[PDB]
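Okay, so here's just one chain, in structure tokens, the form deposited in one PDB entry.
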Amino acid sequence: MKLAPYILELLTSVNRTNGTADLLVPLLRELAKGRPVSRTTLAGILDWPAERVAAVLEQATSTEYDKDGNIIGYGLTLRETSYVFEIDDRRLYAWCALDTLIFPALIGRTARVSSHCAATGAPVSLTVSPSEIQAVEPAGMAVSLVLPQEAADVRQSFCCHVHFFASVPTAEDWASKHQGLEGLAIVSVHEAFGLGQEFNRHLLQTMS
């Protein structure tokens, strides 16, 4: 289907005033190491004053912190979710299915991704590299999409509705009971991977 509306609103969400756009890729590569990331440490990687890191993170209200106040989660997270994202034998997590498709290209790693079907609980897994997906199991895997909401925080408006499914027909039966979500749509995991590629392409080009 025509996914331009999802690309557009996802980009608008990160390019929004005080958006995450320019800190997102450096933060994700830092979290991919598997350790908490201090705000001060992130500021030096970015060469931003502390107040700028703070304003971005303050707007990103779903950012996850540990007991020491360090960053442990923003899309990619050290805190368990339904989306397992394993790099180099380190088990990390992601906030939603589409995140697992986007991150490999941004952090330059291949991930073994696993979850369960949101409609049936069936195990699903695949290998996501910067350029391709492989070992899609089961092969007909599907993803749900919704329209990101203006100014809303991404995780409650978008992430918590963006799931893996065992198949497009299973997913479409599930969707038929959730028509109250804005712009709900079902795509194959391949089409979702293509959407994330377009997101990443716009993201990287709009980066200093």
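If you superpose the two forms and keep the largest set of C-alpha atoms that fall within 1.5 Å, you have the rigid core. A residue's number is simply how far along the shown sequence it sits, counting from 1.
From this point on, the text means the form deposited in another entry, which you will not see here.
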Tell me, which of 37, 175, 56, 162 is the one whose C-alpha shifts by at least 2 Å between this form and the one not shown, with the rigid core superposed? 56
Rigid core aligned, does the Cα position of residue 190 differ by 2 Å or more between this form and the one not shown? no
Superposing on the rigid core, does the Cα of residue 21 end up 2 Å or more away between this form and the one not shown? yes
Threshold 2 Å Cα movement between this form and the one not shown for residue 68, core superposed: no
Would you mind telling me if residue 69 and residue 16 are closer or farther apart in the other form than in the shown form, C-alpha to C-alpha, with a 3 Å or larger change? closer
